[PDB]
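Reckoned from all heavy atoms, side chains included, excluding hydrogens, waters and symmetry mates. Counting starts at 1 for both ligands and their atoms, following the listed order. In this chain, residues are counted from 1 in sequence order.
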Amino acid sequence: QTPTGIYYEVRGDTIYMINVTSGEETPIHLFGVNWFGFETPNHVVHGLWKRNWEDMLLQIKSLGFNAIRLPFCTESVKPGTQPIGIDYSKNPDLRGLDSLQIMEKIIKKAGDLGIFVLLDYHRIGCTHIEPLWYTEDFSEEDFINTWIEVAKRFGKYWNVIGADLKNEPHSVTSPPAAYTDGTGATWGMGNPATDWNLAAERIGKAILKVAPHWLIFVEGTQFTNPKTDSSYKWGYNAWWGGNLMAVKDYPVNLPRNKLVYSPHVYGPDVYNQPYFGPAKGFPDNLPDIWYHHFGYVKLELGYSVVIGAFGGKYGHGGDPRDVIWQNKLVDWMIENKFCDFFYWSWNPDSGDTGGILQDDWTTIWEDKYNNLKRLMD
Ligand SMILES: OC[C@H]1O[C@@H](O[C@H]2[C@H](O)[C@@H](O)[C@H](O[C@H]3[C@H](O)[C@@H](O)[C@H](O[C@H]4[C@H](O)[C@@H](O)[C@H](O)O[C@@H]4CO)O[C@@H]3CO)O[C@@H]2CO)[C@H](O)[C@@H](O)[C@@H]1O
């Protein structure tokens, strides 16, 4: 039931942490951040060329966080991979090892601070986010077998709540072609080879045999199926990993208490959505959009919903209307009790969102930040 003694499960729409020995059943809430860079060639979380890692953690935590999502790619996971671009004068603690260890160690330090960790299979390649959980030179079986391996080492770390099966399933072409052309993910279309809802069942089942104590995080797709997407005005405008409109009629076939739907959502910085325009309704049009794209999955369906990645900067690195966006969003999450989230990113170098911070990998965006603590409150 659990090697660790800690069993994670979903009750109602709340994530519970259950100490199987003592019997304590504790509802937990995830106030997290995305510590990216493990889905990269540098093979390490970023910003370490300017600072020490626990300072990052300590700094993280002290800001009020209890969980971090660690994006990774296939190589980061296999033994001999070497990171790159780090300043050892600052971090001389880890000597000679597999981005897997700095990784393992990062997880270790996080738990001492009582921080939970969500493992995310971000990229098969260390370059970009493929639209599918397989490629010409990398098969689904290779993907699943890799998730199994990852479910073994990292399975033992008590603060690891589960697996984000695949980071941002999406399309690389537009509908109606995208639906039946096989280059992109779908949901409720029919073909088990592109339907993420069926693939998620196959991958998740494999993961639960090895880590039955874990939670299965299933993100949305970009497009699902013509009938579903055409049912809502902004149906064709959801984010990669942000379309959960097909959950009602095409629920992933996995035990309800192990399943967590994890949509991704963003503002003006990442991509200039059309409903972001005052002409259409920004920003008061936002509640109904979030609702339709994924909100109803918890509010109406009763499933556990965790925002796996959202972020940007109420700010200047670029666009201002992002201020109104991140505001209206946190307001919204509070009104509806969406208290489990993962900010993107704690890394200032997200050319489209920066971290929760600033490039001298030192200071945090005060206002961008004061807005987010409200939720943790
Ligand atoms: O991983 C480290 C790396 O991260 C980079 O940031 C990534 C984001 O993490 C990722 O979520 C983001 O994905 C975007 C994509 O770039 C946009 O082009 C795409 O826009 C979509 C839109 O979402 C759809 O609604 C619309 O219909 O189609 C458009 C595309 O035409 O939206 C997705 C998110 O849903 O990509 C970022 C990178 O570009 C950092 O930038 C990098 O520095 C970090 O090293």
Quiz prompt | OG1-CD1 distance between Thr26 and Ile15, expressed to the nearest 0.5 angstrom | solution =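 Output value for this atom pair is 13.0 Å.
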
Of the protein's non-hydrogen atoms, which lies at the shortest distance from [atom], and what is that distance?
atom	answer
atom 22 (C) of ligand 1	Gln273 NE2, 3.8 Å
atom 33 (C) of ligand 1	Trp240 CD2, 3.6 Å
atom 44 (C) of ligand 1	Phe36 CZ, 3.7 Å
atom 4 (O) of ligand 1	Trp344 CZ2, 3.8 Å

Answer yes or no for [X]: is there a heavy-atom contact with ligand 1 below 4.0 Å?
X	value
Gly351	yes
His122	yes
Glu39	yes
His46	no

Exercise. Before accepting this row, confirm whether a basic side-chain N of the pair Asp164/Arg69 lies closer than 4.0 Å to the acidic partner's carboxylate O.
Key: yes

Quiz item: Between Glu300 and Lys248, is the closest basic N to carboxylate O distance under 4.0 Å?
Solution: no

Name the option, out of [options], that contains the heavy atom nearest to [atom].
atom	options	result
atom 30 (C) of ligand 1	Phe310, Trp234, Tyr271	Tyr271
atom 12 (C) of ligand 1	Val172, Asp352, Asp349	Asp352
atom 14 (C) of ligand 1	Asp269, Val270, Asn347	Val270
atom 25 (O) of ligand 1	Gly241, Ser350, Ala238	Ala238

Flag for [Y]-[X]: side-chain donor and acceptor within less than 3.5 Å:
X	Y	answer
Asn272	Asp319	no
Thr81	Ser76	no
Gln326	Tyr343	yes
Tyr7	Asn19	no

Quiz item: Any idea which part of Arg123 is under 4.0 Å from ligand 1, heavy-atom wise: side chain, backbone, both or neither?
Solution: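 Answer for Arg123: side chain.
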
Quiz prompt | Proximity of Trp239 to ligand 1 by residue part, where a heavy atom lies under 4.0 Å | solution = both

Quiz item: Is it the case that one hydrophobic cluster holds both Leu329 and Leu30, taking links as side-chain heavy atoms less than 4.5 Å apart, direct or via other members?
Solution: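 Different clusters.
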
Practice problem: Assess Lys258 against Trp214: is NZ or CZ under 6.0 Å from the centre of the six-membered ring, and within 45 degrees of the ring's axis? | Solution: no

Quiz item: Within 45 degrees of the axis of the six-membered ring of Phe338 and under 6.0 Å from its centre: does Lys298 put its NZ or CZ there?
Solution: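 Yes, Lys298 and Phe338 form such a contact.
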
Quiz item: For ligand 1, which atoms, with element, lie under 4.0 Å from some heavy atom of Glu168?
Solution: 10 (C), 11 (O), 13 (O), 34 (C), 35 (O)

Quiz item: Which atoms of ligand 1 sit under 4.0 Å from any heavy atom of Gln222?
Solution: 24 (C), 26 (C), 27 (O), 28 (O)

Practice problem: Measure centre to centre between the rings of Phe72 and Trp147, then say whether the value is under 6.0 Å. | Solution: yes

Quiz item: Applying the side-chain contact (heavy atoms from CB on, under 4.5 Å) test to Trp187, which of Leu198, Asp249, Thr228, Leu244 qualifies?
Solution: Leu244

Exercise. Could you say whether the N/O atoms of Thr40 and ligand 1 ever approach to under 3.5 Å?
Key: no

Exercise. Look at atom 17 (C) of ligand 1 and say whether a protein heavy atom is found at less than 4.0 angstrom from it.
Key: no

Quiz item: Are there protein heavy-atom neighbours of atom 28 (O) of ligand 1 below 4.0 Å?
Solution: yes

